[PDB]
């Protein structure tokens, strides 16, 4: 569930998180008993927000940004600590990304997209645009999102996922089609069938922009489209962004 009460987590949300733990973990009660109130827990360093020399090539900056996102850790607690309203003006979402870097808690895919925009607004030669995926596995549908990027005419991605190959892509793909097809193949290898892809517009580098992120400029039904039309729609989206 999503924490709605800000930080520090309020008592009711905090207790609800631990109730969830006790339900789904085999030991459950012993997990909480060993952690809650413990006086000798590891001190986790606040990860350093990466900053860049003007001489650092953008792709190397992107490695550092992704490393920062990874260091926060995938959120496995069951409680999302930051509420994200996707229609919020960019300036409000950037205040959120700033809070994420200050409080430094675990995150998942949507939070990492917001964070990835915030950490690349200093790179005007980089374009950023969200890519969402809907997949099917074992009778269920799953949703995922990453931050597509374009540098010097080549495509990559930043993000957070449980799988290495469903988040970070160095910007080396010659076309948007090839980037998305790489995600499709990565999904295939973990037995997910890709059903839909939704691609947004390029995001302003002004963190005080009042405009909204445009999340679903192109919505592609992979099965209905077939291979060639799928390719064609992706190249059209890439032109729409150019």
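For the two forms, the rigid core is made up of the largest set of C-alpha atoms that agree within 1.5 Å on superposition. Numbering follows the first chain given and starts at 1.
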| item | value |
| --- | --- |
| Which of 213-221 and 23-31 lies farther from this form in 5 other deposited structures of this protein, as RMS of C-alpha positions after a rigid core fit | 23-31 |
| Stretch departing more from the displayed form, 35-43 or 56-64, Cα RMS in 5 other deposited structures of this protein (core fit) | 35-43 |
| Segment of higher mean CA temperature factor, 187-195 or 60-68 | 187-195 |
| Per the entry, higher mean C-alpha B factor between 160-168 and 103-111 | 160-168 |
| Highest recorded Cα temperature factor - choice among 209, 201, 33, 175 | 33 |
| Position of residue 136 among the chain's modelled residues by C-alpha B-factor, lowest, middle or highest third | highest |
| Ranked C-alpha temperature factor of residue 78 among modelled chain residues, by third | middle |
| Chain-wide C-alpha B factor ranking for residue 84, given as lowest, middle or highest third | highest |
| Lowest, middle or highest third - CA B-factor, residue 152 | highest |
